[PDB]
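Take a look at the structure below.
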Amino acid sequence: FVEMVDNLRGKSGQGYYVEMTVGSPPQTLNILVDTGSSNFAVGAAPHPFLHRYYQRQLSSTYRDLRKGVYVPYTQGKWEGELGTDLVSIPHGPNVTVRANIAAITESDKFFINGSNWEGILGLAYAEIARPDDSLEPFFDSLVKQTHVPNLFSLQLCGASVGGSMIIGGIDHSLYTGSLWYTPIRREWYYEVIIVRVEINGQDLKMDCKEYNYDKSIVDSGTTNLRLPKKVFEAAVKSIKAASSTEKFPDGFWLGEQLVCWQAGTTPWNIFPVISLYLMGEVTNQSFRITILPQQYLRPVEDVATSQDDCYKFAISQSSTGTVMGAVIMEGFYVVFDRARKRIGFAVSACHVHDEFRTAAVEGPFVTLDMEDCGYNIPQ
Ligand SMILES: C[C@@]1(c2cccc(NC(=O)c3ccc(Br)cn3)c2)COCC(N)=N1
C-alpha cells in the first residue's frame, strides 16, 4: 500500500484526483475520485478547460459498445459514447483491467477551469450507473478481473491538496486510534444512517429519520456537508447562536458570500463543533465523528484577497438527502468496506486541530429509543 500513499492531488475546493491510464498505448489522465457516482467518464474531445483528453482513435484496444449516454446533473451535464478499453492506475495496484468508459463528447458546466482533472471515477455501485445498472462500474471490474480485495480507503487531506486512495486494503500508517464501522444501508450510493446530531454538545432534538430524509450518503465528489432543509435550518440557527459575538451577512449562511478576517486572525473558537452520530454495527449503539470549524469553513484561495483569510460556509441545504462530502471526509480515514457492507471512520494522520480542540471518532454510545432512523423501510 505504501506505493499508493500520496497518490491523490488537487486544488482546494476543486476535487481530489488520481492518475490513471486509458487505452493502448496508455494515455495518462487525471481522474476525480467520486464515491457519489458510478460511471467512469472521461473527456474525449477538446474543451477550453481540458489540457488533454482521451483519444480513442489512438487506442487499438478500444471497443465501441455502440450506445450513447446522457447524464444531466442538478448543475451541469455531459453526453457521450460507451465503450471499453484497458485501464490502469500507475500509483495504485499493479494490474491492468478492461473496463467500461464513457467518452464525453459534449458537456455543459461539468469540467472546471484549473481543476487539473479530465474525467471522473465513479466508485459507487451499479444500481446508480447510467444508462442503467447493466453497465459494470470500474471497481467491480477491477475486483472481478484481479481478485484484489473488495474494499478501498480514502484519506483526503485539506490544505494544493493531497491524500491517498488505498485500493484493496487498509493502511494503518494513515490513521490513529480506532476504526469505527457503520453499516451500508443499501448498495447504490454508499448510504448510511445518522442517528443523532449535536452542535457544540447540544442535541438538535429531531426525530432521527429527519437526518436521513430521504437518504444519507458518503460522497468524495461533493465539497459540502449538505443537509435536509429542516436539519439545515436548525444547524444554522445553532451555529449563529454560538458565533453571535460576530454578525455575518445572510449571504454567508447561504454560501453566496465570503467572510474574511485579517490573515491569521480567524476567530475559530466562536464557531461550534458539529457531531454526527452514525449507526453502529450493534442494535442501538452508535459512534460519533466530530467536525471542527476548520472543516466547515472552507478557505477560498485568491491572491487578490490575500491580505485576509476568507472563507465560504461549506454547509448547505439539500432536497436529495444528507451528503457527507469532503468537509466531512477530510481529516478522517474512511474505509469503504464493500466486502462486509460497511463504512469505517478513523482519525486521519493528516487531521484538523488547533491547540484547543481536535476532530474525533469515538464511541460507543447507546440510545434507549428503539426507533429505526432510516427514512425507508429496512430490509
Ligand atoms: C457526478 C457528480 C460530479 C460531477 C462533476 C464534478 C463533481 N465534483 C467536483 O467538482 C468536486 C469539487 C470539489 C470536491 Br472536494 C469534490 N468534488 C461531481 C455529480 O455531483 C455529485 C457527485 N458526487 N458526482
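In the C-alpha cells, the first chain shown is A, the next is B, and so on; residue numbers restart at 1 for each chain, and ligands run from 1 in the order shown.
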**Request:** Name each residue within 9 Å of ligand 1, counting only C-alpha atoms and all ligand atoms, as an NGL selection string.
**Result:** :A and (10-16 or 32-39 or 71-77 or 109-112 or 115 or 119-122 or 156 or 158 or 218-224 or 323 or 325-327 or 330)
Atoms kept (N, CA and C atoms) for selection, written as a short mmCIF file (atom, residue, chain, number, x, y, z; two decimals), in the first residue's frame:
data_model
loop_
_atom_site.label_atom_id
_atom_site.label_comp_id
_atom_site.auth_asym_id
_atom_site.auth_seq_id
_atom_site.Cartn_x
_atom_site.Cartn_y
_atom_site.Cartn_z
N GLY A 10 -4.88 17.64 -5.82
CA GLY A 10 -5.98 18.50 -6.19
C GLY A 10 -5.72 19.94 -5.80
N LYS A 11 -6.66 20.80 -6.15
CA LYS A 11 -6.68 22.16 -5.62
C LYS A 11 -7.89 22.30 -4.71
N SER A 12 -7.73 23.04 -3.62
CA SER A 12 -8.80 23.17 -2.63
C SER A 12 -10.12 23.53 -3.29
N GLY A 13 -11.16 22.77 -2.97
CA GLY A 13 -12.49 23.06 -3.47
C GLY A 13 -12.70 22.65 -4.92
N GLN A 14 -11.70 22.02 -5.52
CA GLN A 14 -11.79 21.64 -6.93
C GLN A 14 -11.84 20.14 -7.18
N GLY A 15 -11.50 19.35 -6.17
CA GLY A 15 -11.67 17.91 -6.27
C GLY A 15 -10.37 17.14 -6.19
N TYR A 16 -10.41 16.00 -5.51
CA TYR A 16 -9.24 15.13 -5.40
C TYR A 16 -9.19 14.18 -6.58
N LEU A 32 -11.01 12.51 -11.25
CA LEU A 32 -11.67 12.82 -9.98
C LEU A 32 -12.15 11.55 -9.28
N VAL A 33 -11.78 11.40 -8.01
CA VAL A 33 -12.24 10.26 -7.21
C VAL A 33 -13.60 10.58 -6.60
N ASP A 34 -14.63 9.84 -7.02
CA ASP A 34 -16.01 10.21 -6.71
C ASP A 34 -16.83 9.04 -6.15
N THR A 35 -16.99 8.98 -4.83
CA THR A 35 -17.77 7.90 -4.24
C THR A 35 -19.28 8.12 -4.34
N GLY A 36 -19.69 9.22 -4.96
CA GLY A 36 -21.10 9.52 -5.10
C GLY A 36 -21.69 9.29 -6.49
N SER A 37 -20.95 8.60 -7.35
CA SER A 37 -21.46 8.21 -8.66
C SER A 37 -20.78 6.92 -9.08
N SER A 38 -21.21 6.35 -10.21
CA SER A 38 -20.77 5.01 -10.57
C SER A 38 -20.32 4.83 -12.01
N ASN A 39 -20.17 5.93 -12.74
CA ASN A 39 -19.60 5.86 -14.10
C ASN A 39 -18.14 6.29 -14.13
N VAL A 71 -26.12 12.25 -19.31
CA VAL A 71 -26.12 12.38 -17.86
C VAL A 71 -26.27 13.83 -17.42
N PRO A 72 -27.50 14.25 -17.10
CA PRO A 72 -27.78 15.55 -16.50
C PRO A 72 -27.58 15.54 -14.98
N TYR A 73 -26.96 16.59 -14.46
CA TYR A 73 -26.87 16.80 -13.01
C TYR A 73 -27.67 18.04 -12.67
N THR A 74 -27.87 18.27 -11.37
CA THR A 74 -28.54 19.49 -10.93
C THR A 74 -27.85 20.69 -11.55
N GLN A 75 -26.53 20.69 -11.49
CA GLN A 75 -25.72 21.70 -12.16
C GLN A 75 -24.82 21.03 -13.18
N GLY A 76 -25.08 21.30 -14.46
CA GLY A 76 -24.23 20.75 -15.49
C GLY A 76 -24.70 19.41 -16.03
N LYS A 77 -24.11 19.01 -17.15
CA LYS A 77 -24.49 17.80 -17.86
C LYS A 77 -23.39 17.41 -18.83
N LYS A 109 -21.00 22.96 -18.07
CA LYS A 109 -20.78 23.21 -16.65
C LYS A 109 -20.35 21.96 -15.90
N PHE A 110 -19.63 21.08 -16.59
CA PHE A 110 -19.15 19.85 -15.98
C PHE A 110 -17.67 19.96 -15.62
N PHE A 111 -16.85 20.27 -16.61
CA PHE A 111 -15.42 20.46 -16.38
C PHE A 111 -15.16 21.80 -15.70
N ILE A 112 -14.15 21.84 -14.84
CA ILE A 112 -13.86 23.04 -14.07
C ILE A 112 -12.51 23.62 -14.45
N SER A 115 -8.90 22.85 -12.60
CA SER A 115 -9.05 21.77 -11.63
C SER A 115 -7.99 20.69 -11.84
N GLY A 119 -11.60 13.75 -16.06
CA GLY A 119 -12.65 12.74 -16.04
C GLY A 119 -12.99 12.39 -14.60
N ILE A 120 -13.97 11.50 -14.42
CA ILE A 120 -14.44 11.14 -13.10
C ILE A 120 -14.47 9.62 -12.93
N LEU A 121 -14.03 9.15 -11.77
CA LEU A 121 -14.07 7.73 -11.44
C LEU A 121 -15.18 7.49 -10.42
N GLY A 122 -16.34 7.05 -10.91
CA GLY A 122 -17.45 6.78 -10.02
C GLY A 122 -17.24 5.47 -9.29
N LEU A 156 -8.41 11.93 2.62
CA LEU A 156 -8.38 13.22 1.95
C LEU A 156 -7.78 14.24 2.91
N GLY A 158 -6.81 18.12 3.65
CA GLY A 158 -7.03 19.51 3.25
C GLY A 158 -5.74 20.31 3.20
N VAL A 218 -22.13 9.03 1.77
CA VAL A 218 -20.75 9.48 1.91
C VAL A 218 -20.19 9.73 0.50
N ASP A 219 -19.79 10.97 0.23
CA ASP A 219 -19.56 11.40 -1.15
C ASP A 219 -18.31 12.26 -1.33
N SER A 220 -17.23 11.64 -1.79
CA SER A 220 -15.99 12.36 -2.03
C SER A 220 -16.08 13.33 -3.21
N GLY A 221 -17.15 13.21 -4.01
CA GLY A 221 -17.34 14.10 -5.14
C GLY A 221 -18.24 15.30 -4.87
N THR A 222 -18.49 15.59 -3.59
CA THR A 222 -19.20 16.79 -3.17
C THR A 222 -18.35 17.52 -2.13
N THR A 223 -18.22 18.83 -2.25
CA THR A 223 -17.43 19.58 -1.28
C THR A 223 -18.12 19.65 0.08
N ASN A 224 -19.38 20.06 0.09
CA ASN A 224 -20.05 20.47 1.31
C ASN A 224 -20.60 19.31 2.13
N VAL A 323 -25.60 14.73 2.44
CA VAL A 323 -24.37 14.33 1.76
C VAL A 323 -23.19 14.65 2.66
N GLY A 325 -19.83 15.18 2.45
CA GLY A 325 -18.87 15.43 1.40
C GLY A 325 -17.47 15.60 1.97
N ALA A 326 -16.60 16.27 1.22
CA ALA A 326 -15.19 16.33 1.58
C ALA A 326 -14.95 17.03 2.92
N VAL A 327 -15.78 18.01 3.26
CA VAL A 327 -15.57 18.72 4.51
C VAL A 327 -15.78 17.77 5.69
N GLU A 330 -12.46 14.94 5.04
CA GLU A 330 -11.10 15.43 5.28
C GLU A 330 -10.75 15.34 6.76
#
Based on DSSP run over this structure's backbone, return all residues of region 6-130 of chain A in strand (DSSP E or B), as a compact mmCIF listing (two decimals) with N, CA and C atoms, in the first residue's frame.
# COMPACT_ATOMS: atom_id res chain seq x y z
N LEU A 8 -3.11 10.88 -4.35
CA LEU A 8 -4.13 11.88 -4.68
C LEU A 8 -3.60 13.30 -4.65
N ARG A 9 -4.06 14.11 -5.60
CA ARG A 9 -3.72 15.52 -5.67
C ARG A 9 -4.98 16.33 -5.96
N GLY A 10 -4.88 17.64 -5.82
CA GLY A 10 -5.98 18.50 -6.19
C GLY A 10 -5.72 19.94 -5.80
N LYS A 11 -6.66 20.80 -6.15
CA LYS A 11 -6.68 22.16 -5.62
C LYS A 11 -7.89 22.30 -4.71
N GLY A 15 -11.50 19.35 -6.17
CA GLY A 15 -11.67 17.91 -6.27
C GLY A 15 -10.37 17.14 -6.19
N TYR A 16 -10.41 16.00 -5.51
CA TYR A 16 -9.24 15.13 -5.40
C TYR A 16 -9.19 14.18 -6.58
N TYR A 17 -8.04 14.10 -7.24
CA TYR A 17 -7.89 13.22 -8.39
C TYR A 17 -6.70 12.29 -8.29
N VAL A 18 -6.79 11.17 -9.01
CA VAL A 18 -5.74 10.17 -9.07
C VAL A 18 -5.32 10.01 -10.53
N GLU A 19 -4.05 9.70 -10.76
CA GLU A 19 -3.58 9.50 -12.13
C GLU A 19 -4.02 8.13 -12.61
N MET A 20 -4.54 8.07 -13.83
CA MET A 20 -4.91 6.79 -14.44
C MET A 20 -4.40 6.78 -15.88
N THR A 21 -4.37 5.59 -16.48
CA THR A 21 -4.13 5.50 -17.92
C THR A 21 -5.29 4.77 -18.59
N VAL A 22 -5.61 5.20 -19.81
CA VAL A 22 -6.61 4.52 -20.61
C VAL A 22 -6.03 4.22 -21.99
N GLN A 27 -2.70 6.23 -22.33
CA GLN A 27 -2.84 7.68 -22.31
C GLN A 27 -3.10 8.11 -20.87
N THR A 28 -2.27 9.01 -20.36
CA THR A 28 -2.38 9.44 -18.97
C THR A 28 -3.42 10.54 -18.80
N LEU A 29 -4.28 10.39 -17.79
CA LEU A 29 -5.27 11.40 -17.44
C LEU A 29 -5.36 11.50 -15.93
N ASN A 30 -5.73 12.68 -15.43
CA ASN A 30 -6.06 12.84 -14.02
C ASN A 30 -7.57 12.70 -13.82
N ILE A 31 -7.97 11.89 -12.84
CA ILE A 31 -9.37 11.49 -12.73
C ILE A 31 -9.91 11.76 -11.33
N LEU A 32 -11.01 12.51 -11.25
CA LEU A 32 -11.67 12.82 -9.98
C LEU A 32 -12.15 11.55 -9.28
N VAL A 33 -11.78 11.40 -8.01
CA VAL A 33 -12.24 10.26 -7.21
C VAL A 33 -13.60 10.58 -6.60
N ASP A 34 -14.63 9.84 -7.02
CA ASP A 34 -16.01 10.21 -6.71
C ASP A 34 -16.83 9.04 -6.15
N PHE A 40 -17.34 5.58 -14.92
CA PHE A 40 -16.02 6.06 -15.32
C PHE A 40 -16.24 6.83 -16.61
N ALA A 41 -16.08 8.15 -16.54
CA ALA A 41 -16.39 9.03 -17.66
C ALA A 41 -15.24 10.01 -17.86
N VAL A 42 -14.73 10.08 -19.08
CA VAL A 42 -13.57 10.91 -19.35
C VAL A 42 -13.80 11.82 -20.55
N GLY A 43 -13.27 13.03 -20.47
CA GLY A 43 -13.29 13.91 -21.62
C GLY A 43 -12.65 13.22 -22.81
N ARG A 63 -12.95 -0.80 -27.65
CA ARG A 63 -14.08 -1.45 -28.29
C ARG A 63 -15.34 -0.60 -28.12
N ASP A 64 -15.97 -0.27 -29.24
CA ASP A 64 -17.19 0.54 -29.23
C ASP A 64 -18.39 -0.31 -28.82
N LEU A 65 -19.18 0.17 -27.86
CA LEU A 65 -20.37 -0.55 -27.44
C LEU A 65 -21.61 -0.06 -28.17
N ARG A 66 -21.41 0.89 -29.08
CA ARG A 66 -22.48 1.41 -29.93
C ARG A 66 -23.72 1.78 -29.12
N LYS A 67 -23.50 2.62 -28.12
CA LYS A 67 -24.56 3.05 -27.23
C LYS A 67 -24.20 4.43 -26.67
N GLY A 68 -25.13 5.37 -26.78
CA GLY A 68 -24.89 6.70 -26.24
C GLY A 68 -25.30 6.77 -24.79
N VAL A 69 -24.84 7.80 -24.10
CA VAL A 69 -25.23 8.02 -22.71
C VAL A 69 -25.39 9.51 -22.44
N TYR A 70 -26.48 9.87 -21.78
CA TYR A 70 -26.74 11.26 -21.44
C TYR A 70 -26.92 11.39 -19.93
N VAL A 71 -26.12 12.25 -19.31
CA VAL A 71 -26.12 12.38 -17.86
C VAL A 71 -26.27 13.83 -17.42
N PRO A 72 -27.50 14.25 -17.10
CA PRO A 72 -27.78 15.55 -16.50
C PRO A 72 -27.58 15.54 -14.98
N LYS A 77 -24.11 19.01 -17.15
CA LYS A 77 -24.49 17.80 -17.86
C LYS A 77 -23.39 17.41 -18.83
N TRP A 78 -23.34 16.13 -19.19
CA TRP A 78 -22.47 15.70 -20.28
C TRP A 78 -23.13 14.61 -21.11
N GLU A 79 -22.63 14.46 -22.34
CA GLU A 79 -23.17 13.49 -23.27
C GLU A 79 -21.99 12.76 -23.90
N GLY A 80 -22.16 11.48 -24.20
CA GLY A 80 -21.04 10.72 -24.72
C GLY A 80 -21.39 9.37 -25.30
N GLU A 81 -20.35 8.57 -25.51
CA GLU A 81 -20.47 7.28 -26.16
C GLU A 81 -19.81 6.23 -25.28
N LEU A 82 -20.44 5.07 -25.17
CA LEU A 82 -19.90 4.00 -24.33
C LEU A 82 -18.97 3.08 -25.11
N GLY A 83 -17.94 2.61 -24.42
CA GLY A 83 -17.06 1.60 -24.99
C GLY A 83 -16.29 0.96 -23.86
N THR A 84 -15.37 0.06 -24.19
CA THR A 84 -14.48 -0.49 -23.17
C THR A 84 -13.04 -0.36 -23.64
N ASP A 85 -12.11 -0.32 -22.70
CA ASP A 85 -10.70 -0.24 -23.02
C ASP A 85 -9.88 -0.65 -21.80
N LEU A 86 -8.57 -0.75 -21.99
CA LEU A 86 -7.68 -1.13 -20.90
C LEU A 86 -7.37 0.07 -20.02
N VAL A 87 -7.49 -0.12 -18.71
CA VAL A 87 -7.31 0.96 -17.76
C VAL A 87 -6.32 0.54 -16.68
N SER A 88 -5.49 1.48 -16.25
CA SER A 88 -4.55 1.20 -15.17
C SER A 88 -4.44 2.40 -14.23
N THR A 96 -3.64 -4.30 -14.81
CA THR A 96 -4.39 -3.62 -15.85
C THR A 96 -5.68 -4.38 -16.10
N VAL A 97 -6.79 -3.65 -16.18
CA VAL A 97 -8.08 -4.28 -16.40
C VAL A 97 -8.78 -3.65 -17.59
N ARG A 98 -9.70 -4.40 -18.18
CA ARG A 98 -10.59 -3.85 -19.19
C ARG A 98 -11.84 -3.35 -18.48
N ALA A 99 -12.22 -2.11 -18.75
CA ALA A 99 -13.35 -1.50 -18.05
C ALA A 99 -14.20 -0.67 -18.99
N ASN A 100 -15.46 -0.47 -18.60
CA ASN A 100 -16.35 0.43 -19.30
C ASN A 100 -15.83 1.86 -19.19
N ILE A 101 -15.96 2.61 -20.28
CA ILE A 101 -15.58 4.01 -20.29
C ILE A 101 -16.63 4.80 -21.06
N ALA A 102 -17.12 5.87 -20.45
CA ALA A 102 -17.98 6.80 -21.16
C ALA A 102 -17.11 7.91 -21.73
N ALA A 103 -17.06 7.99 -23.05
CA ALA A 103 -16.27 9.01 -23.72
C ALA A 103 -17.12 10.26 -23.85
N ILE A 104 -16.76 11.30 -23.11
CA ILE A 104 -17.55 12.53 -23.09
C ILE A 104 -17.23 13.37 -24.32
N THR A 105 -18.24 13.58 -25.16
CA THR A 105 -18.04 14.31 -26.41
C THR A 105 -18.64 15.71 -26.36
N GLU A 106 -19.57 15.92 -25.44
CA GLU A 106 -20.18 17.23 -25.21
C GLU A 106 -20.52 17.41 -23.74
N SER A 107 -20.41 18.64 -23.24
CA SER A 107 -20.64 18.90 -21.83
C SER A 107 -21.01 20.35 -21.56
N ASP A 108 -21.69 20.58 -20.44
CA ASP A 108 -22.04 21.92 -20.00
C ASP A 108 -21.86 22.04 -18.50
N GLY A 119 -11.60 13.75 -16.06
CA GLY A 119 -12.65 12.74 -16.04
C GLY A 119 -12.99 12.39 -14.60
N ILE A 120 -13.97 11.50 -14.42
CA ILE A 120 -14.44 11.14 -13.10
C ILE A 120 -14.47 9.62 -12.93
N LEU A 121 -14.03 9.15 -11.77
CA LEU A 121 -14.07 7.73 -11.44
C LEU A 121 -15.18 7.49 -10.42
N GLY A 122 -16.34 7.05 -10.91
CA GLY A 122 -17.45 6.78 -10.02
C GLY A 122 -17.24 5.47 -9.29
**Message:** Please list as a ChimeraX atom specification every residue within 7 Å of residue 91 (chain A), counting only C-alpha atoms and excluding residues in the same chain fewer than 6 positions away.
**Reply:** /A:3-4,7
**Request:** Find the residues near residue 170 (chain A): any atom within 12 Å, counting only C-alpha atoms, skip ones fewer than 6 places away on the same chain, and give them as a PyMOL selection string.
**Result:** chain A and resi 1-2+4-5+149-155+164+179+333-337+344-346
**Request:** If you run DSSP over the backbone, which residues in region 296-376 of chain A end up helix (DSSP H, G or I)? Put them as a ChimeraX atom specification.
**Result:** /A:296,303-305,326-329
Export N, CA and C atoms of the chosen residues as a short mmCIF file (atom, residue, chain, number, x, y, z; two decimals), in the first residue's frame?
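Just written: again-v6.cif:
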data_model
loop_
_atom_site.label_atom_id
_atom_site.label_comp_id
_atom_site.auth_asym_id
_atom_site.auth_seq_id
_atom_site.Cartn_x
_atom_site.Cartn_y
_atom_site.Cartn_z
N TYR A 296 -15.63 23.03 8.20
CA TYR A 296 -16.84 23.51 7.54
C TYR A 296 -16.81 24.99 7.18
N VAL A 303 -5.36 35.43 -4.61
CA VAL A 303 -4.26 36.35 -4.36
C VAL A 303 -4.79 37.76 -4.08
N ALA A 304 -5.89 38.12 -4.74
CA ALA A 304 -6.44 39.46 -4.62
C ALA A 304 -6.92 39.76 -3.21
N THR A 305 -7.41 38.74 -2.51
CA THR A 305 -7.94 38.92 -1.17
C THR A 305 -6.94 38.52 -0.09
N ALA A 326 -16.60 16.27 1.22
CA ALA A 326 -15.19 16.33 1.58
C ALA A 326 -14.95 17.03 2.92
N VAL A 327 -15.78 18.01 3.26
CA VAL A 327 -15.57 18.72 4.51
C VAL A 327 -15.78 17.77 5.69
N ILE A 328 -16.53 16.71 5.47
CA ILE A 328 -16.68 15.68 6.49
C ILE A 328 -15.52 14.69 6.40
N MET A 329 -15.20 14.25 5.19
CA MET A 329 -14.19 13.22 4.99
C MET A 329 -12.76 13.67 5.29
#
**Item:** Point-to-point distance from CA of residue 118 (chain A) to CA of residue 23 (chain A), Å rounded to tenths
**Value:** 14.9 Å
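A straight line drawn from CA of residue 273 (chain A) to CA of residue 342 (chain A) is 25.4 Å long.
For the set A:288, A:172, A:144, A:240, the residue with the smallest atom-to-atom gap to residue 193 (chain A) is A:288, counting only C-alpha atoms.
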**Message:** Given only C-alpha atoms as the basis, pick out the residue of A:199, A:26, A:229, A:262 nearest to residue 243 (chain A).
**Reply:** A:199
**Message:** Using only C-alpha atoms, which protein or nucleic acid residues come within 10 Å of residue 205 (chain A)? Drop anything in the same chain fewer than 5 positions from it, and give the result as a ChimeraX atom specification.
**Reply:** /A:196-198,234
Got a sec: who's within 9 Å of region 358-361 of chain A, counting only C-alpha atoms, leaving out chain neighbours fewer than 6 positions off, as an mmCIF file with C-alpha atoms, in the first residue's frame?
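Result file selection05.cif:
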data_model
loop_
_atom_site.group_PDB
_atom_site.id
_atom_site.type_symbol
_atom_site.label_atom_id
_atom_site.label_comp_id
_atom_site.auth_asym_id
_atom_site.auth_seq_id
_atom_site.Cartn_x
_atom_site.Cartn_y
_atom_site.Cartn_z
ATOM 1 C CA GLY A 177 -6.908 5.399 17.267
ATOM 2 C CA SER A 178 -9.768 3.039 16.483
ATOM 3 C CA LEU A 179 -11.676 2.343 13.282
ATOM 4 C CA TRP A 180 -15.449 2.541 13.860
ATOM 5 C CA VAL A 273 -18.060 21.691 16.811
ATOM 6 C CA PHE A 287 -20.332 6.308 17.381
ATOM 7 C CA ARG A 288 -19.745 9.973 16.591
ATOM 8 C CA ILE A 289 -17.477 11.857 14.250
ATOM 9 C CA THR A 290 -16.785 15.450 15.260
ATOM 10 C CA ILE A 291 -16.262 18.296 12.791
ATOM 11 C CA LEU A 292 -14.301 21.477 13.626
ATOM 12 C CA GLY A 331 -9.164 14.653 8.445
ATOM 13 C CA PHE A 332 -10.649 11.177 8.646
ATOM 14 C CA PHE A 345 -14.068 6.001 10.097
ATOM 15 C CA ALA A 346 -10.860 6.777 11.998
ATOM 16 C CA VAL A 347 -8.923 9.926 12.851
ATOM 17 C CA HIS A 351 -6.192 15.644 10.824
ATOM 18 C CA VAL A 352 -7.554 19.044 11.812
#
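Pairwise distance (CA of residue 267 (chain A), CA of residue 241 (chain A)) equals 14.8 Å.
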Contacts of residue 209 (chain A) within 7 Å, only C-alpha atoms, excl. fewer than 5 positions in-chain, as a PDB file with N, CA, C and O atoms, in the first residue's frame:
ATOM      1  N   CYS A 373     -33.815   4.764  12.342  1.00  0.00           N
ATOM      2  CA  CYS A 373     -33.623   6.119  11.850  1.00  0.00           C
ATOM      3  C   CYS A 373     -33.614   6.200  10.329  1.00  0.00           C
ATOM      4  O   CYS A 373     -33.562   7.290   9.756  1.00  0.00           O
ATOM      5  N   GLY A 374     -33.668   5.043   9.677  1.00  0.00           N
ATOM      6  CA  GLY A 374     -33.767   5.028   8.230  1.00  0.00           C
ATOM      7  C   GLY A 374     -35.084   5.612   7.764  1.00  0.00           C
ATOM      8  O   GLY A 374     -36.131   5.360   8.362  1.00  0.00           O
ATOM      9  N   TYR A 375     -35.036   6.390   6.688  1.00  0.00           N
ATOM     10  CA  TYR A 375     -36.222   7.062   6.182  1.00  0.00           C
ATOM     11  C   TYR A 375     -37.142   6.090   5.453  1.00  0.00           C
ATOM     12  O   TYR A 375     -38.358   6.293   5.391  1.00  0.00           O
TER      13      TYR A 375
END
